[PDB]
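First comes the structure, then the notes that go with it.
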Amino acid sequence: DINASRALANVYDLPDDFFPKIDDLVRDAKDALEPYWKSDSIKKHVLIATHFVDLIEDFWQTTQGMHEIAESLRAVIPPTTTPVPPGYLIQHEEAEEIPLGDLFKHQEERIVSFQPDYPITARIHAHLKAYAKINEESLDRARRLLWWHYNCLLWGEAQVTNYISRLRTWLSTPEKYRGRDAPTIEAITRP
Amino acid sequence: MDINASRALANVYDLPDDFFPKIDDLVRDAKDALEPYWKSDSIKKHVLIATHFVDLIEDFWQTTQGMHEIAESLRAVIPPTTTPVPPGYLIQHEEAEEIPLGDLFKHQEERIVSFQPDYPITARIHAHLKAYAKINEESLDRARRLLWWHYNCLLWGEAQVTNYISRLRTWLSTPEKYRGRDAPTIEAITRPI
Amino acid sequence: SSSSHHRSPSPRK
Amino acid sequence: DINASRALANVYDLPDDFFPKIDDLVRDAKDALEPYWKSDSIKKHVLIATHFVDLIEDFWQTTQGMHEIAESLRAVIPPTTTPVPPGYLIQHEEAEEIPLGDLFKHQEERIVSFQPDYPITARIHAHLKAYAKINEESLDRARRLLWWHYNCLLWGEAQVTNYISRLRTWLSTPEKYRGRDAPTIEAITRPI
Amino acid sequence: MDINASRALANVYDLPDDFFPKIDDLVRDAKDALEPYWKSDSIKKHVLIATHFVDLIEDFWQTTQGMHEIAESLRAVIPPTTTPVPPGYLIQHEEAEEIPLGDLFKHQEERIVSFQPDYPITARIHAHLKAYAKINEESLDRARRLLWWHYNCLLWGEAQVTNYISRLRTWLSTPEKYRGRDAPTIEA
Amino acid sequence: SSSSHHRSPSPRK
């Protein structure tokens, strides 16, 4: 639907701070999709949510670990080693262009193409950074889509896409003519 | 073929991992065969499932293989035979759910230190990377299996796919001498008009 | 009398 | 038909030894098509098959002669001249995207970008190898399509499709869940 | 003017080989006009034949012209005056269609050594390439003419294109003074 | 009366 796609894109663009803590998001999603699991239902939102939940719950911890590893490695690489410039590393598009696997060799020939003589301790840092970038992009997209599909399953597509729009508008406008407080789904707060 | 038994068998995970084709041509044929439903904007269950798993693989398999290769290149650098590799102390997929999302490296290095306080930073990195790569590889194997399953189902029906795998397993469990001179397949018929 | 495909796919035995 | 597209892809994906030799293929294709020519029919398979036969009869000889001329120039090339590596040899997709005319100049600038000065003989050798590669790709596609349409004409389309699917599946299995005998042409030979 | 005579005069191969358009423009126009029927997955006679000829044209022509320029370079760096080229001994398509599809090169070598058994390797190569170029060029000219024919037939119609071509020839025959400044067109 | 195409297209004279 056109309004649904509008809300979906506006979600994709959202400021990343209104999305709740991923931990509680996942906990509530896998606590609220349990009944449909027991009932074997196959609704669209149910499928997408119970799949992105598995994806996140499987690949978020390792990505955060990779980031921590890269941050620990930056401290131990020898100093003034001329860090790799941003944009030269393999990104998502050329990555998915590369066939499955055989990407480490491409990153390696790329890092040597910029600096033939580069310590392995920093080649590893660059590789980890470039991998975690892709992982985090995909996982953020998944988090967003999960929040959307889940809140839609809870309240209704045509009741959440009339909140995404109000929020987008109030969020673009400047502060003076937009009241003082943001809009919420009155069904949450109504006595 | 007692339909109940046939259904209770033929669970995808009951496959030796040699039957599935390579990931490359697997995803290739999956895309080339589900593109019609994509362009026609289908909503079918199996289509959705194959699409999700295809995106998952296409996004994360590259990075998992890269992490394996990084573990290798790093083992090529670690102090040789100066650091006994600790098994078991590292956490596999099962204990992952208990750990909150994020702060996994915290627990991992905490255990590594409880094992060897003087553990060199580099071998520490290698252990972390190998553990994470195993965690991802298990789930990617699962996703590959489910993708093959949902794809062959989209093609030939779950009633026929589960009836085929069932026959395949009870064939593999039949001695190579008395199996016969044929293998159970899935018929792909096209009668004329 | 189907298999225990709780979600759309089939889970472990 | 989606099944026809599947069959075309399957044909494009085959071991390249399952097909018969060009000589006998063209022989029996003409021997089975001549009557439709004399009767002035326009069946799709007839059209495609006769056009592909004309193509092959017109270009396979020249392609093979080109290969042999390359192998003969390799006897006069100065020794240990470092034959050009791939990547500096234009392939089919680049040949398709580059304008219809003046392909030799692009190949020349590419080989000189690889090595600034390069002997005329080895230049010729590389040019011929690339051109013959392109022609061979095209003629392989043509041979496959010709066998497909000719056997489709002589034994219907459905049976050929069934056989092709069965055989491609038999080939795409890891030798352990396959059998001990590949599906044989008798399948389409017989009626149904 | 009259239908039977117009139908018996119309034969693409009667054209002067210059009224035809440029190959690249022709191919571009044919591709752009077939794209719709392609996506519709039709089975029309003209569509099939035209797409086949277009594929042939975009794959062979490039290698054909390439071969020509290669032979030209070899002649430029051949023994300049010595080793005069063999006139007419080279085989054309009418003969090449007879030899098996494997060993045209052997028969060409036989012809060359028959004319002269003491002939340099590079001149040998240049001659072989020139002959192959002539063969492929004849075939590609036929292909171009058939492509133009079927393209315009698909666009307008065979009844119209035939009558049109008939008028074109009857205008080429007339003298430049008493003919029209311009040649006719389709849909007149 | 029509020039029946020997092959699918129009051949030479």
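Chains as they are written, first to last, in the authors' numbering: chain C, 2 to 192; chain D, 1 to 193; chain H, 250 to 262; chain B, 2 to 193; chain A, 1 to 188; chain E, 250 to 262.
For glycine and all other residues, C-beta sits at the position ideal for the given N, C-alpha and C.
Item, Value
"To the nearest angstrom, report how far apart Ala76 of chain A and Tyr132 of chain A are at their CA atoms.", "19 Å"
"Tell me the residue span of the alpha helix (DSSP H) that contains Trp38 of chain D.", "23-39"
"Can you check whether the C-beta of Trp156 of chain D is within less than 9 Å of a C-beta belonging to chain H?", "no"
"Does DSSP classify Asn136 of chain A as helix, strand or coil?", "helix"
"Is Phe53 of chain A helix, strand or coil by DSSP?", "helix"
"For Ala76 of chain D, report the span of its alpha helix (DSSP H) as first-last.", "Where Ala76 of chain D is concerned, there is no enclosing alpha helix (DSSP H), given that its DSSP letter is neither H nor E."
"Return the Cβ separation of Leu74 of chain A and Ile23 of chain B in integer angstroms, given the expectation that the two are a contact with Cβ distance under 8 Å.", "Not confirmed; about 29 Å, so no contact."
"In the DSSP assignment, the alpha helix (DSSP H) including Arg179 of chain D goes from what residue to what residue?", "Where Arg179 of chain D is concerned, there is no enclosing alpha helix (DSSP H), given that its DSSP letter is neither H nor E."
"How far does the alpha helix (DSSP H) with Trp171 of chain D in it extend, from its first residue to its last?", "158-172"
"Give me the subset of the region 77-109 of chain D whose CB atoms are less than 9 Å from a CB atom of chain C, sorted by chain position.", "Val77, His93, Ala96, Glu97, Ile99, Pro100, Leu101, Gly102, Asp103, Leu104, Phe105, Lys106, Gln108, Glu109"
"Below 9 Å between beta carbons: does that hold for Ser252 of chain E and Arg7 of chain A?", "yes"
"Can you give me the C-alpha to C-alpha distance between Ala30 of chain D and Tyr151 of chain D, rounded to a whole angstrom?", "6 Å"
"By Cβ distance, which residues of its chain are closer than 7 Å to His52 of chain C, with the 5 residues on each side in sequence left out?", "none"
"First and last residue of the alpha helix (DSSP H) that includes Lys106 of chain B?", "105-115"
"Run through DSSP, which three-state label would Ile70 of chain A get?", "helix"
"Within 10 angstroms of the Cβ of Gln62 of chain A, are there 16 or more other Cβ atoms? Answer buried if so, exposed if not.", "buried"
"Comparing alpha-carbon positions, which option in A:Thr83, A:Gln92, A:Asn136 lies nearest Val113 of chain A?", "A:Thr83"
"Let me make sure I understand the geometry here. Which of B:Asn11, B:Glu35, B:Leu56 has the alpha-carbon closest to that of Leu140 of chain B?", "B:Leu56"
"Name the chain H residues that come within less than 7 Å of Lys45 of chain D, Cβ to Cβ?", "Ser257"
"Pick helix, strand or coil for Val85 of chain A, following the three-state DSSP scheme.", "coil"
"For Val12 of chain B, I'd like the list of residues in its chain whose CB is within less than 6 Å of its CB, leaving aside the five on either flank, ordered along the chain.", "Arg145, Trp149"
"On the CB-based measure, 16 or more other CB atoms within 10 Å of its CB, does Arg191 of chain D come out buried or exposed?", "exposed"
"Specify the secondary structure class of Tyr13 of chain B as computed by DSSP and reduced to three states.", "helix"
"Mind checking whether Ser173 of chain B and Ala188 of chain D have CB atoms under 9 Å apart?", "no"
"Is any beta-carbon of chain B found at less than 9 Å from that of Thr174 of chain D?", "no"
"Check the C-beta distance from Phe105 of chain B over to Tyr89 of chain B and give it rounded, since I have them as a contact under 8 Å.", "Not quite, the Cβ-Cβ distance comes to about 14 Å (not below 8 Å), so this is no contact."
"Compare the C-alpha of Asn163 of chain A against each of A:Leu147, A:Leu155, A:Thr185, A:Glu176 and name the closest.", "A:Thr185"
"Give me the chain H residues within the contact set of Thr51 of chain C, using Cβ-Cβ distance strictly less than 7 Å, ordered along the chain.", "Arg256"
"Report the rounded CA-to-CA distance for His68 of chain B versus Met67 of chain A, giving the unit in angstroms.", "13 Å"
"Return helix, strand or coil for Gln65 of chain D, following the three-state DSSP convention.", "helix"
"Would you check if the distance between the CB atom of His93 of chain B and the CB atom of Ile135 of chain B is smaller than 9 Å?", "yes"
"I want to verify the contact list: residues of chain A whose CB lies under 9 Å from the CB of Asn152 of chain B, in sequence order.", "Simply none; closest approach about 19 Å."
"If I measure Cβ to Cβ from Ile99 of chain A and keep anything under 6 Å in the same chain, skipping five residues before and after, which residues do I get?", "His107"
"By alpha-carbon positions, which one of D:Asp17, D:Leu101, D:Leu154 ends up nearest to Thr64 of chain C?", "D:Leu101"
"What is the C-beta distance between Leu129 of chain D and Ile91 of chain C, in whole angstroms, given that I count them as a contact (C-beta under 8 Å)?", "That pair is no contact at about 18 Å."
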